[PDB]
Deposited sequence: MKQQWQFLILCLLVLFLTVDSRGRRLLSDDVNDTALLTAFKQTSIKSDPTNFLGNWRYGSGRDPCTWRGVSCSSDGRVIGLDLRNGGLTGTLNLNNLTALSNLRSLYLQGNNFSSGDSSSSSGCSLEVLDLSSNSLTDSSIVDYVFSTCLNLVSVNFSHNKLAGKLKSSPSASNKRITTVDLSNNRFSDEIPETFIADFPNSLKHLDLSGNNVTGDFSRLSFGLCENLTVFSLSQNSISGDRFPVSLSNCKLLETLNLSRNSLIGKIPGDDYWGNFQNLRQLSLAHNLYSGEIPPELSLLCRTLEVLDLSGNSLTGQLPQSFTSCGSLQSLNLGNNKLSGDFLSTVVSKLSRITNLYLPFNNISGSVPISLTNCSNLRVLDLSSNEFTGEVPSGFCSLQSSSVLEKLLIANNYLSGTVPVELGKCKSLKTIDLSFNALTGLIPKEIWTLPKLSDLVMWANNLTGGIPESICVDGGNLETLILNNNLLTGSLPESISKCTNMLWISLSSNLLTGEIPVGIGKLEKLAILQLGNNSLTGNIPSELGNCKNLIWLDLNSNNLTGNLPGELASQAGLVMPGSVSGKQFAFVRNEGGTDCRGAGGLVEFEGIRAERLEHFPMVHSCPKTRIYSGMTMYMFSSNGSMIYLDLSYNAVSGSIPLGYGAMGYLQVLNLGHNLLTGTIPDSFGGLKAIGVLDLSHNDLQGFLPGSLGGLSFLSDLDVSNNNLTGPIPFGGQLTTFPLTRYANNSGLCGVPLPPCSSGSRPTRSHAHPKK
């Protein structure tokens, strides 16, 4: 079994697709990826990020006697058959991003592969229970990563302790193991510096006593589990005098934050206690955390002036998150003594007074990049001093009591990318100098204000724009044709204003536009067929991964618009349930989550509301080819012609509203082939003929077809009579 004849046996037997042609040209040492040695033997195979699709069995590669490095990460390998039985010389194995399901691969590497130093099985589909530790005859293994798999059920009491004493890095995150944490043995845990059980289902009100034996621990991550009770205090955290990162976030801890946790402050760099039910405040003992950089205490019930009596004295703070707490009063001015502050999040608290801006007038230029104080009760005007924070990229003042104009100094911040200040009483307009003298923005979210004027053609200069929201303002003028230069724009909301003119044809050049809401304006002209000219070509983009809330208007056509999408970073849902904009419709529901595309390529527009305008002409035939379109509201216009038969192509549609127009002709039969059409309304037109018998049409209420010119068939009186 020659080495050159093994790799060829691997290529033919295991790999079933190589569109990169990066496994072609397959002497041993000249083959792509395989790094050889001087004496002609193969020692490593590096095929990372190759887009390879096949079935893997490690015995077919460990048969290579001198193979010590195997990199197969970033591919699409599946689990193979047991096959053959050979020794293993591997010192470094990486199988990070694949589709491996048979966890017997981990049993092999842990039983053989005795010289193994590091192995990464992460991000796969390895299933089953955790059983075997690395062999005791292995004296070298230092780092083992089994994170992000599908391992199930309990963890063996001595699973961690059974590891070789050389272990340094053990990561078990991203599974669904279970068990009382207190009954899990770490053993001697000598040399262990990094350990994570994050994102599992571990329970218990105690830590295992053996955990205290890990004197050299630098990272302890226990987040997103079900640990309960009080955070251990007294003397416990003195056991870990090297700990740089501790996370206990998103468990069920209660009580106050133990002052005794400050025995890590000699070395503690990162802390995450967020997502619990902690009260009181950060104890004064933490003034000694001269090394702390990231302090995350969000989503708890903390209160008091500990922001000034403690946090301001942390000379090296750079990332301070206390959103979703019970902190009242002014934002203390002393917080500016945090010279190195880059990200400050104080959203969803009870802060009053003025927007903090002192950070910008230090004796040194401020490095503050993100300022987030949404869902508070800040009053006054957007202070002009923020213009001196030249490193600002994200300003989130939404859902406050702000008033007055938006100073010119904000639109001139050189690196600004996100301007988020919806849900205030801000007045003024949009300068004609946006994004040209100021930063090229990604989000401009100022809906639910009192802004006046028109949207400048200068918006064409914001080529990076992903999301524009200016709904429910007092805007006027025409929609600028320059919007067409924004080929990364994904969401555009301008509803409930007084816009006039045509819907520009140039909107068709917005390559990534998936969400267009222009309801409740004064728009005229024809429907531009160019709106669908990107159907089947839309690519996703950087608008994914943003917090959003959707307010569904469940009142049919009487209620203006199909609903309301809002950027929802840092805002409690309750603050929205009491926003009178919600009660504008007698029936509402709050969908909530993170923006997520449902396609990888070749998509279409997702949400289209042009209702309540004065648009005339005929529905462009092309509109029906939008396969991912889930909402199409053209109600309350002056549309004429027939409903195109192409609408049988709206596979994804769930809400279709064409009511209150002057449409003629027949309902397309293909409407019955829409398996998700759950909200139809064609009432108040000149429609005639039978109601399609397919799909869900025969069940919609009589209200949805009424005030037409000869519709018949269930739910109406039958056509044959």
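> Can you give me the gaps, meaning deposited-sequence stretches with no C-alpha coordinates, in sequence order?
Residues missing from the model, as numbered along the full deposited sequence, span 1 to 30, 57 to 62, 758 to 770.
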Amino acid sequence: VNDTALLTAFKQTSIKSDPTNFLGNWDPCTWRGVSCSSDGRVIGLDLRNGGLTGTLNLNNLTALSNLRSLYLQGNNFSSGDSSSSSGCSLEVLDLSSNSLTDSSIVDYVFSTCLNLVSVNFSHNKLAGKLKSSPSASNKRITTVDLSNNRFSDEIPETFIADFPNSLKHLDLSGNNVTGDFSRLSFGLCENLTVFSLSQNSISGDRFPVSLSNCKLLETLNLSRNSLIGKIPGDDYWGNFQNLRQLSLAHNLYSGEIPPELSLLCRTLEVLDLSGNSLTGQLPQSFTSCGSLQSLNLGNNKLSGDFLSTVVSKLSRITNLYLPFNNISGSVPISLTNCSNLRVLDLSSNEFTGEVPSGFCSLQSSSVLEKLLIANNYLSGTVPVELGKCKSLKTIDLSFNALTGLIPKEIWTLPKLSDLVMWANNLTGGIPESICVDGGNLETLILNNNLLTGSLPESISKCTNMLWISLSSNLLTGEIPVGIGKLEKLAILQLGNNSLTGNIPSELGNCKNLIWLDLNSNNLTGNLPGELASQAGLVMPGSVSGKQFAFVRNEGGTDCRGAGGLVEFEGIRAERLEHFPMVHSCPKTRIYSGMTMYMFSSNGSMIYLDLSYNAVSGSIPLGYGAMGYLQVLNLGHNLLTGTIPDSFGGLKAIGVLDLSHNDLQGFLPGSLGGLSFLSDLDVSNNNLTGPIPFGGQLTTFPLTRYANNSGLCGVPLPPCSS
From here on, numbers count along this sequence of modelled residues.
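> For the higher mean C-alpha B factor in the entry, choose 217 to 225 or 108 to 116.
Higher mean C-alpha B-factor: 108 to 116.
> Please compare 371 to 379 with 355 to 363 and say which has the higher mean C-alpha temperature factor in the record.
Between 371 to 379 and 355 to 363, it is 355 to 363.
> Whose CA atom has the top B-factor in the entry, of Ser84, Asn300, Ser147, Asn440?
Among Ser84, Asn300, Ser147, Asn440, the PDB entry lists the largest C-alpha B-factor for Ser84.
> Choose from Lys125, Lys393, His636, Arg342 the residue with the greatest Cα B-factor as stated in the PDB record.
Most elevated C-alpha B-factor of the set, per the entry: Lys125.
> Relative to the other modelled residues in the chain, which third contains the C-alpha temperature factor of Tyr705: lowest, middle or highest?
Its C-alpha B-factor belongs to the lowest third of this chain's values.
> Divide the modelled residues of the chain into thirds by Cα B-factor and specify which third, lowest, middle or highest, holds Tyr253.
Middle third of the chain for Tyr253's C-alpha B-factor.
> Of the three thirds of its chain by CA temperature factor, lowest, middle or highest, which one includes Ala136?
Within its chain, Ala136 is a highest-third residue by C-alpha B-factor, going by the deposited values.
> Taking only the Cα B-factors deposited for this chain, tell me whether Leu494 sits in the lowest, middle or highest third.
CA B-factor rank for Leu494: lowest third.
> Sorting by Cα B-factor within the chain, modelled residues only, which third would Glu350 end up in: lowest, middle or highest?
Lowest third.
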